Amino acid sequence: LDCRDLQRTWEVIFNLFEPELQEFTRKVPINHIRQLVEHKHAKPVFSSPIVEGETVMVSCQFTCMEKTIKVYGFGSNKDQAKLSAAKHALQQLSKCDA
Amino acid sequence: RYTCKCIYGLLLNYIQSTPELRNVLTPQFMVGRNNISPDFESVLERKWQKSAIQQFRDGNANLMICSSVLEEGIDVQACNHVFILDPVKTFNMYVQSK
Amino acid sequence: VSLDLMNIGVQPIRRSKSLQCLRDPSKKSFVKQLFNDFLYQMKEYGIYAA
Amino acid sequence: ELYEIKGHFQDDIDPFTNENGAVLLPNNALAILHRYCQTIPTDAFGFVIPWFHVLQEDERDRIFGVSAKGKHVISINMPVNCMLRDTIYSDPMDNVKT
Amino acid sequence: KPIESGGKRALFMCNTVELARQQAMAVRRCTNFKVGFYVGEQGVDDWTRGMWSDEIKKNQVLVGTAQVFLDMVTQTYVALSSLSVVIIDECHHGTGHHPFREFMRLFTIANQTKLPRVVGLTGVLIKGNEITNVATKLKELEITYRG
Amino acid sequence: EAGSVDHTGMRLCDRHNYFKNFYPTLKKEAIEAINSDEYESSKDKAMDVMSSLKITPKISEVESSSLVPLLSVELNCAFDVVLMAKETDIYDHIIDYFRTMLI
Amino acid sequence: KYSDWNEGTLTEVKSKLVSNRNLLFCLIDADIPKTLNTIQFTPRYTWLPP
Amino acid sequence: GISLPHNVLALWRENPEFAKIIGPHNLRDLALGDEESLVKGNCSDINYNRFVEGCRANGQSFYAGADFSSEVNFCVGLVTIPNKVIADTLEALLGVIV
RNA sequence: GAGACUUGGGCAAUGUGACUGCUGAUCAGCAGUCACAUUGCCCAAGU
RNA sequence: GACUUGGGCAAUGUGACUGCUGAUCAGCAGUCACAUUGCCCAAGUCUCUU
């Protein structure tokens with residue numbers, strides 16, 4: 001609204017976005033549990049969630065390229081715990097895939 | 001309001017201690033809405049659904065603790081006794097309580 | 001007297017009915033109300049009631 | 001009689017009716033305004049209430065002339081999300097509540 | 001007869017929820033009418049305009065607490081002419097800006113010829129401790145309620 | 001949270017009996033210490049009594065508008081307990097608390 | 001256009017405007033979708049010569 | 001031999017409206033080093049700017065609407081005395097002279 | 001085509017739980033305003 | 001000298017009515033979280049298909 005130049009706004013946006021633009025073009029981010037499912041080699045075996053109080057735990061066992069590592073996701077909602085466990089399994093798999 | 005719950009608990013304990021009042025008496029209490037929890041155990045859930053007024057009218061509870069709600073025009077079974085534990089404040093309060 | 005100095009984060013300003021006298025934030029007022037009611041119960045009905 | 005009824009009722013702040021028969025009452029104005037303010041916050045954090053303020057004698061003079069001498073006036077500041085940013089003032093009433 | 005053909009309904013106001021419920025049960029047992037019930041405990045605000053209309057088309061008598069009916073009439077879901085009677089239990093509370101007196105104030109705004117019959121009910125006529133000079137209190141009450 | 005974990009195993013109607021139900025080994029020497037008047041200062045008495053029950057201290061500075069710092073103390077035991085006052089009184093407050101509970 | 005609207009109504013009416021059904025109903029009376037190439041072209045079984 | 005830094009004292013005495021919002025907490029932030037305390041006699045420029053900005057936020061954070069004079073009055077030499085004591089000291093002076 | 005599995009965009013509700021906000025009345029304290037009663041004093045008149 | 005009327009100045013009170021503060025109680029509204037089982041679309045991986 002101030003500059004009223006699309007090129008200037010584009011310059012500002014690119015200056016703000018360059019590291020993420022470079023990183024994401026090299027490796028496109030996708031949904032974490034969808035990524036884990038699309039990594040069929042891991043075969044993520046998520047157990048059914050259980051609830052204690054108002055917090056829900058989801059336990060997962062996935063083949064981390066050498067072992068069936070067991071991880072637990074904790075969150076206020078069943079999907080929240082699902083996502084937490086999925087992301088933690090993904091980071092463990094990434095560390096093993098060094 | 002809190003006086004209702006407090007005296008309800010005291011009456012429960014006193015009735016249960018005495019051998020005479022043990023069987024004859026059965027207390028029950030009420031305040032307005034924002035209904036305070038009728039339990040002292042801090043349990044997350046209570047399954048009970050029957051109203052206190054129905055228990056009183058049906059003869060389930062024959063000793064009703066009430067606060068400025070059961071005073072106005074509440075039709076009930078033939079009540080042999082009425083106790084005004086706190087001093088009367090207003091003319092209409094006295095009239096309706098009588 | 002300890003709680004009046006708690007310095008909770010920013011809270012809605014509370015004032016009297018005609019808006020000249022200030023009041024404590026809702027949480028402090030609620031805690032004080034509970035304790036005052038307990039004191040009233042103890043004073044009026046006895047130790048067992050408390 | 002009509003005379004006594006009119007004299008007893010129609011002497012305080014006048015009511016308002018629109019072109020569709022809907023009736024707005026002075027005692028319900030505060031409730032209506034607070035209810036409307038509760039609907040506008042887009043998130044659970046941005047809850048905000050109207051800012052009532054009482055003008056001082058110098059302000060009373062500068063805004064209303066001499067006619068406001070000895071009568072209270074209340075300035076109300078609407079939250080930023082709403083249409084209003086004009087700090088509506090009330091007419092000089094005999095008391096701050098009115 | 002339906003509301004659009006001039007149908008009329010009957011209100012039965014009350015001050016407390018339990019009293020309103022008991023009176024609703026009493027009317028239900030003593031008459032053949034399908035009486036309504038409207039209190040803020042369960043929530044009535046979602047009973048919106050069109051379904052206010054189908055509710056009043058469904059029920060003949062409305063038994064509930066004062067504030068719900070006051071909000072209904074002020075927002076003009078139903079006109080005063082669409083009522084035949086207005087019964088107010090414990091009418092001795094109708095002073096100052098109490099919803100009973102507010103409702104009776106709302107009465108004077110509408111056409112005077114279309115006002116329903118008002119039947120206040122009470123076992124006591126004095127509100128506060130100003131039991132002296134009862135005559136002024138009675139004149140105030142009989143000016144509030146139009147009888 | 002480092003706290004807020006209730007594993008005392010006692011009903012809330014009787015959880016206050018936690019300090020009463022310890023072994024006599026800690027209790028007798030702790031009450032002897034808290035009843036001893038020769039102590040150098042209230043802080044020293046508080047620290048010695050708290051160490052007697054093997055309960056570790058945890059003192060942090062709560063933000064406040066008071067010029068004198070408003071300090072809170074956490075005991076870190078299985079029983080979730082927290083006390084707070086002016087630092088000139090927190091030690092005597094601990095004295096009073098453990099004097100009341102330990103019987 | 002609606003400069004003074006609340007943002008919630010603005011995004012709701014935006015979603016209605018960018019809704020699939022609105023774009024559809026624009027294109028039906030735009031008379032365009034009659035020419036879309038969508039069938040998997042098979043001349044022997046799903047096409048007629050001129 | 002001890003005093004407040006000379007720059008902050010000058011700010012305190014020359015800016016009464018900014019003075020009235022200074023709280024003891026803002027003084028607690030001024031953990032001046034050995035050089036500032038002993039040799040220079042006042043806080044550094046960066047510390048001075050940090051103090052003024054912290055107090056500017058102090059005037060608008062939770063601390064707003066409070067009065068800190070009861071704790072920071074001694075720093076500038078102000079003290080609050082009841083009117084009774086001020087009368088009694090004069091009267092006792094008459095007593096001692098008599 | 002038959003399907004299983006996941007994230008979504010949602011549409012529904014059966015729960016249930018807690019939060020927040022406001023109106024009204026009553027009492028108590030304080031402040032102020034209306035009228036009225038009692039004991040006086042004095043004056044104005046008329047016969 | 002009785003009789004009558006009226007007014008004014010006093011004090012001693014009473015009856016209420018508002019205004020402010022605090023407390024108590026009833027009365028409404030806006031929400032939010034979230035287990036449970038359902039329904040319709042969008043894109044995915046795999047058996048089969050091939």
# chains A, B, ... in the order shown; residues from 1 in each chain; ligands from 1
>>> residues_around(residues="stretch 116-130 of chain E", least_positions_apart="4", cutoff="6 Å", atoms="only C-alpha atoms (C1' of nucleotides)", output="ChimeraX atom specification")
/B:90-91 /E:83-92
>>> residues_around(residues="residue D:96", least_positions_apart="3", cutoff="8 Å", atoms="only C-alpha atoms (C1' of nucleotides)", output="MDAnalysis selection string")
(chainID C and resid 18) or (chainID D and resid 54 72:74 93)
>>> closest_atom_pairs(of="chain J", to="chain E", cutoff="10 Å", atoms="only C-alpha atoms (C1' of nucleotides)", output="Markdown table")
| residue | atom | partner | partner_atom | distance |
| --- | --- | --- | --- | --- |
| J:15 | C1' | E:132 | CA | 9.3 |
| J:16 | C1' | E:130 | CA | 9.2 |
| J:26 | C1' | E:16 | CA | 7.4 |
| J:27 | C1' | E:67 | CA | 7.1 |
| J:28 | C1' | E:67 | CA | 6.6 |
| J:29 | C1' | E:45 | CA | 8.5 |
>>> write_last_selection(atoms="N, CA, C and O atoms (P, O5', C5', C4', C3', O3' and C1' of nucleotides)", output="PDB file, in the first residue's frame")
ATOM      1  P     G J  15     -38.874   6.859  61.621  1.00  0.00           P
ATOM      2  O5'   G J  15     -39.729   7.130  60.304  1.00  0.00           O
ATOM      3  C5'   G J  15     -41.126   6.875  60.278  1.00  0.00           C
ATOM      4  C4'   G J  15     -41.782   7.521  59.085  1.00  0.00           C
ATOM      5  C3'   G J  15     -41.213   7.135  57.730  1.00  0.00           C
ATOM      6  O3'   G J  15     -41.711   5.896  57.256  1.00  0.00           O
ATOM      7  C1'   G J  15     -41.417   9.479  57.844  1.00  0.00           C
ATOM      8  P     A J  16     -40.692   4.701  56.920  1.00  0.00           P
ATOM      9  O5'   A J  16     -39.714   5.332  55.835  1.00  0.00           O
ATOM     10  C5'   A J  16     -39.802   4.949  54.472  1.00  0.00           C
ATOM     11  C4'   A J  16     -40.128   6.123  53.586  1.00  0.00           C
ATOM     12  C3'   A J  16     -39.261   6.274  52.348  1.00  0.00           C
ATOM     13  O3'   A J  16     -39.677   5.435  51.286  1.00  0.00           O
ATOM     14  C1'   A J  16     -39.434   8.358  53.445  1.00  0.00           C
ATOM     15  P     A J  26     -29.773 -18.570  45.237  1.00  0.00           P
ATOM     16  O5'   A J  26     -30.925 -17.902  44.364  1.00  0.00           O
ATOM     17  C5'   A J  26     -30.999 -18.108  42.960  1.00  0.00           C
ATOM     18  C4'   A J  26     -31.869 -17.069  42.297  1.00  0.00           C
ATOM     19  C3'   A J  26     -31.900 -17.099  40.777  1.00  0.00           C
ATOM     20  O3'   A J  26     -32.822 -18.045  40.268  1.00  0.00           O
ATOM     21  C1'   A J  26     -31.528 -14.889  41.512  1.00  0.00           C
ATOM     22  P     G J  27     -32.571 -18.734  38.840  1.00  0.00           P
ATOM     23  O5'   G J  27     -32.612 -17.528  37.799  1.00  0.00           O
ATOM     24  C5'   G J  27     -33.843 -16.925  37.425  1.00  0.00           C
ATOM     25  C4'   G J  27     -33.627 -15.663  36.624  1.00  0.00           C
ATOM     26  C3'   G J  27     -32.932 -15.840  35.284  1.00  0.00           C
ATOM     27  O3'   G J  27     -33.800 -16.258  34.249  1.00  0.00           O
ATOM     28  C1'   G J  27     -31.884 -14.100  36.465  1.00  0.00           C
ATOM     29  P     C J  28     -33.250 -17.200  33.071  1.00  0.00           P
ATOM     30  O5'   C J  28     -33.239 -16.258  31.792  1.00  0.00           O
ATOM     31  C5'   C J  28     -32.414 -16.572  30.683  1.00  0.00           C
ATOM     32  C4'   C J  28     -31.649 -15.367  30.205  1.00  0.00           C
ATOM     33  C3'   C J  28     -30.531 -15.640  29.215  1.00  0.00           C
ATOM     34  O3'   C J  28     -30.998 -15.819  27.892  1.00  0.00           O
ATOM     35  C1'   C J  28     -29.754 -14.171  30.890  1.00  0.00           C
ATOM     36  P     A J  29     -30.414 -17.013  26.987  1.00  0.00           P
ATOM     37  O5'   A J  29     -29.149 -16.366  26.270  1.00  0.00           O
ATOM     38  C5'   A J  29     -29.230 -15.082  25.670  1.00  0.00           C
ATOM     39  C4'   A J  29     -27.882 -14.410  25.621  1.00  0.00           C
ATOM     40  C3'   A J  29     -26.760 -15.214  24.989  1.00  0.00           C
ATOM     41  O3'   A J  29     -26.779 -15.165  23.575  1.00  0.00           O
ATOM     42  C1'   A J  29     -26.006 -14.285  27.020  1.00  0.00           C
TER      43        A J  29
END
>>> select_by_dssp(residues="chain A", states="alpha helix (DSSP H)", output="PyMOL selection string")
chain A and resi 6-26+32-38+78-96
>>> write_last_selection(atoms="C-alpha atoms", output="CSV table (one decimal), in the first residue's frame")
chain,number,residue,atom,x,y,z
A,6,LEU,CA,4.7,-4.8,-7.2
A,7,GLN,CA,8.4,-5.1,-7.9
A,8,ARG,CA,9.4,-3.5,-4.6
A,9,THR,CA,7.0,-5.7,-2.7
A,10,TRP,CA,8.5,-8.7,-4.5
A,11,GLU,CA,12.0,-7.6,-3.6
A,12,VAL,CA,11.0,-7.4,0.1
A,13,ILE,CA,9.3,-10.7,0.0
A,14,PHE,CA,12.2,-12.4,-1.7
A,15,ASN,CA,14.6,-10.9,0.9
A,16,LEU,CA,12.4,-12.3,3.6
A,17,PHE,CA,11.9,-15.7,1.9
A,18,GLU,CA,15.2,-16.6,0.2
A,19,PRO,CA,16.5,-19.3,2.7
A,20,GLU,CA,13.1,-21.0,2.8
A,21,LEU,CA,12.7,-20.7,-1.0
A,22,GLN,CA,16.0,-22.3,-1.5
A,23,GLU,CA,15.5,-25.1,1.1
A,24,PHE,CA,11.9,-26.0,0.0
A,25,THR,CA,12.8,-26.1,-3.7
A,26,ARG,CA,15.6,-28.6,-2.9
A,32,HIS,CA,4.3,-35.4,8.1
A,33,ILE,CA,2.1,-38.4,8.6
A,34,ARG,CA,1.5,-38.5,4.8
A,35,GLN,CA,5.2,-38.4,4.3
A,36,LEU,CA,5.7,-41.3,6.8
A,37,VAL,CA,3.0,-43.3,5.0
A,38,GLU,CA,4.7,-42.4,1.6
A,78,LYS,CA,-5.9,-37.9,19.4
A,79,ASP,CA,-4.9,-36.3,16.1
A,80,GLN,CA,-2.5,-34.1,18.0
A,81,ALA,CA,-0.8,-37.1,19.5
A,82,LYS,CA,-0.9,-38.9,16.2
A,83,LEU,CA,1.0,-35.9,14.6
A,84,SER,CA,3.5,-35.6,17.4
A,85,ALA,CA,4.4,-39.3,17.2
A,86,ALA,CA,4.6,-39.1,13.4
A,87,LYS,CA,6.9,-36.2,13.5
A,88,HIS,CA,9.1,-37.8,16.2
A,89,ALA,CA,9.3,-41.0,14.2
A,90,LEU,CA,10.2,-38.9,11.1
A,91,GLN,CA,13.0,-37.1,12.8
A,92,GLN,CA,14.4,-40.4,14.2
A,93,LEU,CA,14.2,-41.9,10.7
A,94,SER,CA,16.0,-38.9,9.3
A,95,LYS,CA,18.8,-39.1,11.9
A,96,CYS,CA,19.2,-42.8,11.1
>>> atom_distance(atom1="atom CA of residue A:60", atom2="atom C1' of residue J:37")
24.4 Å
>>> residues_around(residues="residue I:10", least_positions_apart="5", cutoff="12 Å", atoms="only C-alpha atoms (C1' of nucleotides)", output="PyMOL selection string")
chain J and resi 39-42
>>> residues_around(residues="residue H:30", least_positions_apart="3", cutoff="12 Å", atoms="only C-alpha atoms (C1' of nucleotides)", output="MDAnalysis selection string")
chainID H and resid 4:5 8 23:27 33 36:37 42:44 46:52 54:55
>>> write_last_selection(atoms="C-alpha atoms", output="PDB file, in the first residue's frame")
ATOM      1  CA  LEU H   4      21.670   6.618  42.251  1.00  0.00           C
ATOM      2  CA  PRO H   5      23.437   7.213  38.922  1.00  0.00           C
ATOM      3  CA  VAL H   8      19.039   8.629  35.999  1.00  0.00           C
ATOM      4  CA  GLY H  23       9.012   1.247  39.605  1.00  0.00           C
ATOM      5  CA  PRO H  24      11.469  -0.584  41.851  1.00  0.00           C
ATOM      6  CA  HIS H  25      11.580  -3.486  39.385  1.00  0.00           C
ATOM      7  CA  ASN H  26      13.130  -1.203  36.761  1.00  0.00           C
ATOM      8  CA  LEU H  27      15.878  -0.394  39.260  1.00  0.00           C
ATOM      9  CA  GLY H  33      29.070  -3.381  36.541  1.00  0.00           C
ATOM     10  CA  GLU H  36      29.798   2.000  36.147  1.00  0.00           C
ATOM     11  CA  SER H  37      29.355   1.696  39.912  1.00  0.00           C
ATOM     12  CA  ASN H  42      26.495   6.361  36.265  1.00  0.00           C
ATOM     13  CA  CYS H  43      25.141   3.662  33.985  1.00  0.00           C
ATOM     14  CA  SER H  44      26.329   3.339  30.400  1.00  0.00           C
ATOM     15  CA  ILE H  46      23.101   1.423  26.419  1.00  0.00           C
ATOM     16  CA  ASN H  47      21.990   0.793  30.005  1.00  0.00           C
ATOM     17  CA  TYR H  48      20.363   4.236  30.093  1.00  0.00           C
ATOM     18  CA  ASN H  49      18.418   3.527  26.899  1.00  0.00           C
ATOM     19  CA  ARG H  50      17.444   0.094  28.210  1.00  0.00           C
ATOM     20  CA  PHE H  51      16.163   1.710  31.408  1.00  0.00           C
ATOM     21  CA  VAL H  52      14.142   4.388  29.627  1.00  0.00           C
ATOM     22  CA  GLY H  54      11.874  -0.572  30.048  1.00  0.00           C
ATOM     23  CA  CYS H  55      10.128   2.163  32.015  1.00  0.00           C
TER      24      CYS H  55
END
>>> select_by_dssp(residues="stretch 22-55 of chain D", states="strand (DSSP E)", output="PyMOL selection string")
chain D and resi 23-24+51-54
>>> write_last_selection(atoms="C-alpha atoms", output="compact mmCIF listing (two decimals), in the first residue's frame")
# COMPACT_ATOMS: atom_id res chain seq x y z
CA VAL D 23 -38.31 -2.29 20.66
CA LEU D 24 -35.05 -1.25 22.31
CA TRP D 51 -14.15 1.14 27.84
CA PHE D 52 -16.48 3.32 29.89
CA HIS D 53 -15.03 6.63 31.03
CA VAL D 54 -16.39 9.62 32.96
>>> closest_residue(among="A:51, A:41, A:27, A:77", to="residue A:65", atoms="only C-alpha atoms")
A:41
>>> interface_residues(of="chain J", to="chain C", cutoff="12 Å", atoms="only C-alpha atoms (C1' of nucleotides)", output="list in words")
residues 19, 20, 21, 22, 23 and 24 of chain J
